[PDB]
Amino acid sequence: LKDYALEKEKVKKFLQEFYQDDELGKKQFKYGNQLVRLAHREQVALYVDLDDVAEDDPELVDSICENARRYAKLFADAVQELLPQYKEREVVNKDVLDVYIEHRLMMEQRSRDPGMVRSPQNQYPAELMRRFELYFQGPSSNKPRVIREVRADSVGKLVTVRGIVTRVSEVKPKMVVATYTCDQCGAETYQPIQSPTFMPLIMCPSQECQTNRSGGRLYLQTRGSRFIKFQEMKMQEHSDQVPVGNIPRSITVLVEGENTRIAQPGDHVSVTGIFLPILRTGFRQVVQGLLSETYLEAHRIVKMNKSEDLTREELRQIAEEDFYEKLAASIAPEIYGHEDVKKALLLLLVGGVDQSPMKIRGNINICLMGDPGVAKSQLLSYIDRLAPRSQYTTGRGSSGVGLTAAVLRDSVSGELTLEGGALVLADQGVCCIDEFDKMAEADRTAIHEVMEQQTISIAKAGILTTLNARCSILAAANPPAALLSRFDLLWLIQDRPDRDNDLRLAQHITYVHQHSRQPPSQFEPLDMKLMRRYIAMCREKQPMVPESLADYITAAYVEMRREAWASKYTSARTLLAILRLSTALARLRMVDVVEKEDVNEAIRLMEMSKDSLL
Amino acid sequence: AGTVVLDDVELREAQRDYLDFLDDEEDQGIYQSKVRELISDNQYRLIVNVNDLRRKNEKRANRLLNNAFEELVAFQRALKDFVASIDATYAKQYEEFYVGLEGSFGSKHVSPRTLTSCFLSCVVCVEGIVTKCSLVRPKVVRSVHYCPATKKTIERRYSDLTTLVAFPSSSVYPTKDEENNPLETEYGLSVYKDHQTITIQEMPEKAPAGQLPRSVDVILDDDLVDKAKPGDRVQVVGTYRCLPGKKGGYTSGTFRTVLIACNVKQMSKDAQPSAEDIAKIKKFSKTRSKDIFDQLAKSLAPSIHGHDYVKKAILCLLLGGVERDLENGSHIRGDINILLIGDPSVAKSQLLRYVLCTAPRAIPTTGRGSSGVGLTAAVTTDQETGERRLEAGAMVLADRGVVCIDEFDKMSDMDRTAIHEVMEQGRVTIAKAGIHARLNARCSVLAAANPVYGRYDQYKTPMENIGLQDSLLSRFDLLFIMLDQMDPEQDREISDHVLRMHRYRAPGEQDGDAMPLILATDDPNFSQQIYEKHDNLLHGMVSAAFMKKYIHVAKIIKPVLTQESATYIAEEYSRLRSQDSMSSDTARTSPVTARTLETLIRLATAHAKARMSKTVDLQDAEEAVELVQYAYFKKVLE
Amino acid sequence: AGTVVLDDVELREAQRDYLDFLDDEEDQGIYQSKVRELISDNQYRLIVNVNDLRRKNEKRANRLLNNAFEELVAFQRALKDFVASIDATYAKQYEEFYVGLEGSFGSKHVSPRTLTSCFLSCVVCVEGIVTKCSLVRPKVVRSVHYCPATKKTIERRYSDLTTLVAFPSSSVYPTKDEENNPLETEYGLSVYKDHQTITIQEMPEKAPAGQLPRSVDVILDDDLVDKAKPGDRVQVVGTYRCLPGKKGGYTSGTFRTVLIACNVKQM
Amino acid sequence: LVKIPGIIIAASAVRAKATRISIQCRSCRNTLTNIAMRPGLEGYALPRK
DNA sequence: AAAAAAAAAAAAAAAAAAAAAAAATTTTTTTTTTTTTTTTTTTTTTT
Ligand SMILES: Nc1ncnc2c1ncn2[C@@H]1O[C@H](COP(=O)(O)OP(=O)(O)O)[C@@H](O)[C@H]1O
Ligand SMILES: Nc1ncnc2c1ncn2[C@@H]1O[C@H](COP(=O)(O)OP(=O)(O)O)[C@@H](O)[C@H]1O
Ligand SMILES: [Mg+2]
Ligand SMILES: [Mg+2]
Ligand SMILES: [Zn+2]
Ligand SMILES: [Zn+2]
């Protein structure tokens, strides 16, 4: 119970006189500039930082957290009232809604009669004239909650949760303010929408129609009405924060406006937003009372961990001649040895360069075939955690529709939508397929098609589509033409006992068990964040093969093909592999031209991978 | 205003009796201490023992168990008054306090099949298995509204009429002011309580074999919502009532009955564990810190003779190693996997059943009785919302526990391959297009396999006698070949032990009678001395309960490898990999990989935990080395 | 339960202003002395001079005159709070402390003829002669019942819905228990309020000559019932309101009006 | 009254059928306790006034 | 000052204007639950 006029004045003071040094120690009035852009219509969403609010008024932040929707509306009204005094020039009428807004304001000014008192139902709804949205960036003090722990005590509260996106619908038009036009009076009726559904109006309430006592039927218009991009996603508990014997819990997040098209399935997302109910009318409730479903009205969605979205010394380390070896070493440092396999996995992460002269994929596929207990699954899991877009499939737990897509009954409307499996979620990413050799034949055929065509051609009963799965494949198996012909690299890992090697491995593993970290080396291994940043910086560095390298590459190919022919499998795929591996090496070296060193390292990797087969 | 109550003799008597029962200073003080405990823990429900209530006041016990609603109302009023007396500032925080019950209910302890009309309005205790667990929905009990036109704020109060007659005026949610101004509901100020509905089914083992199951619907209000999940065995105590229908000029006699749970408790009363016992454990650890491990090993399975190394390994399993969660999220498992590959009638199955009875969260699985989705996680569709849901399997349930896989060898290769991830990294990664999940199952596997041909042919190598591939065997950190040795002396020992155990009789409880073939007495699974007395007929031995408590306390301790033990283990592992570690005529029972070094580290940590060492020393390392040496080699005769 | 107001800004402001006016200690304690005098005399109706009220706060005076029921309720709450502050036991003894008005009413001072519908829900000071009176009847404001079968004692309260929407639920006198146990009313414990109805006619020497006289019905309650008898030239200060009709289904739109007297004076 | 032989091929769960009901008026809250329900498969039409 | 006539009043009987009281089950819908069918997926057997 507080004076909302006073609260509105407080938020207005904050917005108008808050400042920070975000730009090289220059007081710039952050939210003032944002308001300027909002008035100019160059910005749709405004993200208020509750950390900034608390910098001066912590109790206001507490009030917002205790009752966010109310204070969300208060901030929206404050911005609405502030826009005119920040407006500096005329809007360019970005869209049809802007045209409608200007027309309505113009004719309201025309029929103003300023002194006349207008009925409350005789004005434009506030949401009908916004063209902007206001969301809250949760305070840093608020520790993130857990989907299971967010309960009725948090209803109406600004909670921040973290989880995996298991599903997200496609952006749909959700009506905010329905508009109607009458067949008698030429006046517009408006119906703001708060319930999940609504009943369209029949008769017109316009003063003219009421006076004339005409029929005054009115027709619903999608033109003057106001819509907002609407998405419905489901976030899931992280594995590390589920109870002992419990399966992770899922929360329905509703995203609207500029927050849509930020989170896709499989992303690690931290969602700040308001926990709210939805009345459960209709259902013959078992228990009397106003029981209601729940959801999270999203305000700020951020990508976490691998889903995440430089300094002179950083550029120095990139330029350093040993940068490639540093990156190859930093991958899974707790796993001893396997320097060459680490280099191969780094190349798989970086990728080659896609060419569409007939489109030839630039992905690198690697299959670690090996003896039991040789870190195959450990490296697969490390890549799964590292690669920004990655999926992990162990055996037949995720088989069939777990790899491909399936038709599932949608919820926002109710219909057969298409949900993507592991391969789809790994699209333009990595799929780590452990226990490859034990996989079902159908899944193996699907992986075969994905490794070459980058697609999944499903023609089952309920589904007939061609999914796009542009994912590199890092498979693991234990002891072959059926795999050597296809996979870009086939790497054999045999653990042959040896006194010195086993002693070193035992020392390494014992130190790991002691200090929960890899033994110190000459160079500190790079963090997952830095590694992902460098990998991404390498992705957008497409180099090209000079005409000079043609002779050298052809000579190498013919030589290796002679070796394969003489010995007791080489093909054009071998030369393609050399090309894409060399391009990946060039990407890592930050050059636009593939070089002799690149081709040399490609051939060395191929030679050692094949030597592993013997 | 309406018809308030001026004075009520029965209510006053009930509240006075309950306040007297709760105020315990002239008495022992149990419930005063319990109220202080809940105040300290910031809760608003007290668990009151029906046995204590009956002891102090028979009349109040009968009244509470026969007319629960108003009696529980009076009890909760007394509870709030008592909490205010102890500290009013905390009593003001919570609107109401709740009274759950426990203890023994004579005829009110029933199964969903036996919960009939006779128990309507009474307090009942029902033990069963959860089948359905709806979502936790907020139910509004006090709604705050704001009128922008008049700046007024209003509060609407809705009574919990779940089982009482409700009229529409009670449930009318306000939307317009008196003069039809729009009202905006303030969610941040309104009050909601979590509400859930579950279903409790007659336990499959206790239900009659012939007929179909019987179930009961249970309403859980705040503080009792996420206490149970489908498939769990739980005890729910609450009032069995009738749910009102809906307004209608016609009605059939039928009524929909439910159970408003006042408390819910896990069947896994064994999943959880005094200063006397704590000091006893401290002295036991301190006194004989070297032979404590051996004494525990020998006392582990008293009814099974011999198998010293097998029992040592089982103790190491029950203790578990120390997991290593690295700075990069990498995971090194701490659980320990044992495969008893053995000749018929060598007590491997009995060891499995011992671990079932002893260890917390032990799940019994069989070769072909738990296939695929039943053994690991699964994905299904709700069939009502058309949405995909996870379903925990045997190992997901056994997370932070043990899975006893009898007849492991006769599992399909599909299932055995599916179990690889659980064995290695302790999780199940399952995905269908709709939903992908990474469930945690950090379980330890105790498998009981018989060799190909039925009986272990000692002339053939262990690789041949074990019909399993090296990739699978590497999963099991310890592999014990348990032969039915034909030594007459050991035969004498075993026969004497068996006959002594068969001759044993219960002390006093039995005198020549027959063991009987449950609702009459409280259910043991839910029921609330260092050494055994040296009976000559059982010994010719640490107590079971003290062993349980000591293992529980020693599980938490996290010993850290010391440099000396690390060097010793590394040298021994190098030798084990080397060829010289095995002489002629000895064959490896399982290939030695880095998995075996992890086995050594885990076994040494388990030994250090048995000793509560806080450091894994050369003693522990040597014991682990010796056990691995015994387990990983076999001498093949010609 | 039901709707309960939390932040009624107008009610809070009215209570604050009325309590400030009744403080009076710095303002030569006129109303402080009046409250003390009524406390000593064992009275529970304070007569307030509207001229002094207007001098202190013209806003409150206008609000009270033009909105009778709301402002009178706020004034009575403030008076009860003041009476409790001066002496708590007396405040607890008397449930509700009433406020009657006195002084110079610029336009509200009228006669039964000039009293038109423009004064509904306002404070009017009407002069006239009592043409007739009614017997003083007790209306039950709080009934108490005892159930011999269960020894329970219940107490029902009836609100003063004289000029407010009233439903059958509010005006049902319990005669059985929830289990159909006959009740017995405890008349001694029950609370009754005396109520009377009089008729004020325009003074013949003031009425226009040769015309029939104009009358008005006045409702008197506890502590005002027997303040006048037929033939008394009385000044009644009260609230003019429309009396609700019986539950119908068809309404002719005609509403009997009446004056809920808050003060009665003789010559 | 009939005596017949047969075999039971199903048996529904045991539910609660009211033998007496107490109906309370919404307006005056007065009750009409102890209304004798008929036995068997049969319903009761509540009073309208 | 007394008798008769006039009228003046009091009380009782009667007839409308407005208000108040009395009387009131049946048909159709939808939701849940349960079952049946199709296709895909998985499992098992034979070569
Ligand atoms: N070269 C190595 N360096 C460090 N640890 C290793 C090495 N090889 C195996 N390990 C350890 O041994 C275990 C077995 O490896 P894992 O990859 O699970 O077997 P697989 O290769 O069959 O998947 C892992 O826990 C891993 O940490
Ligand atoms: N060493 C032993 N000590 C005690 N009992 C034994 C021993 N060996 C066999 N038995 C007895 O033989 C029976 C074998 O049954 P079980 O253990 O279920 O089969 P298996 O021994 O093949 O696992 C048990 O009832 C057990 O009492
Ligand atoms: Mg593996
Ligand atoms: Mg057996
Ligand atoms: Zn119109
Ligand atoms: Zn009634």
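Only heavy atoms go into these numbers, but all of them, side chains included; no hydrogens, no water, no symmetry mates. All chains are named by letter (A, B, ...) in the order of the sequence lines, taking the proteins before the strands, and each is independently numbered beginning at 1.
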Does A:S399 reach a base, just sugar-phosphate, or nothing at all? Heavy atoms under 4.0 Å. sugar-phosphate
Just to be sure I understand the rule, does C:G249 reach a base, reach only the sugar-phosphate, or reach nothing, if contact means heavy atoms closer than 4.0 Å? nothing
Less than 4.0 angstrom between a side-chain N/O of [X] and OP1 or OP2 of [N], yes or no?
| X | N | answer |
| --- | --- | --- |
| A:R284 | E:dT33 | no |
| B:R368 | E:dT44 | yes |
| C:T254 | E:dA19 | yes |

Among E:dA24, E:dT41, E:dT40, the one nearest any side-chain atom of D:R48 is E:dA24
Let's see if you can work this out: which of E:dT44, E:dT32, E:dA19 has an atom nearest to the side-chain heavy atoms of B:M414? E:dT44
Using 4.0 Å as the upper bound for N to carboxylate O, is an ion pair formed by B:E202 and B:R113? yes
Ion pair check, A:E415 and A:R409, cut-off under 4.0 Å: no
Heavy-atom nearest nucleotide on DNA chain E taken for A:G462 and for C:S252; more 5' hit belongs to C:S252
Using heavy-atom distances to pick each residue's nearest nucleotide on DNA chain E, tell me which of C:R256 and A:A440 is more 5'. C:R256
Can you check the [X] [atom1] to [N] [atom2] distance for me, whole Å?
| X | N | atom1 | atom2 | answer |
| --- | --- | --- | --- | --- |
| B:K432 | E:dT42 | NZ | P | 8 Å |
| B:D217 | E:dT32 | CG | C1' | 14 Å |
| B:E384 | E:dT32 | CD | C1' | 8 Å |
| B:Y250 | E:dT26 | OH | P | 11 Å |
| C:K247 | E:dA21 | NZ | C1' | 11 Å |
| B:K246 | E:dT29 | NZ | P | 19 Å |
| D:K49 | E:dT25 | NZ | P | 10 Å |
| B:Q383 | E:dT33 | CD | P | 9 Å |

Are the side chains of A:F436 and A:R444 in contact, using a 4.5 Å heavy-atom criterion? yes
In the structure I gave you, are the side-chain heavy atoms of D:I23 and D:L46 within less than 4.5 Å of one another anywhere? yes
I'd like to know whether A:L423 forms a side-chain contact (heavy atoms from CB on, under 4.5 Å) with A:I473, so could you lay out the CA-CA distance, the side-chain angles of the two residues, the decisive distance to 0.1 Å, and finally the verdict. CA-CA 9 Å; A:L423 291 160; A:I473 298 299; 4.2 Å; yes
